[PDB]
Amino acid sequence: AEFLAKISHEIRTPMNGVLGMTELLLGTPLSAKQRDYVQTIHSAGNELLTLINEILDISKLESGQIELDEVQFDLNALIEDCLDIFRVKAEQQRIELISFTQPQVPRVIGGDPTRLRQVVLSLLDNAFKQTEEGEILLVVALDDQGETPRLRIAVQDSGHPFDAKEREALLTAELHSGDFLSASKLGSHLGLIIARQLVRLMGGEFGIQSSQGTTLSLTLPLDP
């Protein structure tokens, strides 16, 4: 569980060198063609760096090395910010972005806002790629089927459903170390798996129900 965190410098350093030279190159005289290429390094490198930081983060959380945060944060404000991120692409016609919050769910809860926002942003990001046309729905409800009101966040899309094999793969997913860097053509990309493993470390339960769309949902514990 601790191997990737221990070599965190050996992984992050070349990635840091790539982007440091990039921001250095943007400072120098560049032709428009030159700038197109250097800008692409910037965009692609940062994409990869963000992936590497999320792999190290989940690696340290799965081992005992670091702990989730516990602060009182504005739950509605978090959900609102996530929606804002995607509203520019929802501006494009194909997609309607609709969010419904039950009136009883609290305005402020306790937990890890930065990591919960990662989870929600991942579910939204998958919903967008799955839909070519239609509506994307984000519902924040309370869940009473337990012995105490849990919190429920669900994202629903209109794209090509999950089959039983993909669904079972993501539900039981718990990658160890090398697994994160490994290729598996089946099913889900890293963001979804990491987000799903975060909800398990949050004490929550993860749900995938699919007829012509999929509903991905997390259900978290709430302090009464």
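Heads up: residue numbers just count along the shown sequence, starting at 1.
Where coordinates are absent for parts of the deposited sequence, a chain break appears; between neighbours residue 210 and residue 211 it spans 1 to 3 residues. With 82 to 90 and 69 to 77 compared on mean CA B-factor from the PDB entry, the stretch scoring higher is 82 to 90. Comparing 3 to 11 with 214 to 222, the stretch with the higher mean C-alpha B-factor in the PDB entry is 214 to 222. Taking the deposited Cα B-factors for 46, 158, 39, 197, the highest one is held by 158.
Note on 186, 32, 58, 51: the highest value goes to 186, judged by CA B factor as recorded.
Among all modelled residues in its chain, residue 125 ranks in the middle third by Cα B-factor.
Compared with the other modelled residues of the chain, the Cα B-factor recorded for residue 118 ranks in the lowest third. Placement of the Cα temperature factor of residue 178 within the chain: middle third of the modelled residues, per the deposited record. When the modelled residues of the chain are ordered by C-alpha B-factor, residue 106 sits in the lowest third. Placement of the Cα temperature factor of residue 164 within the chain: highest third of the modelled residues, per the deposited record.
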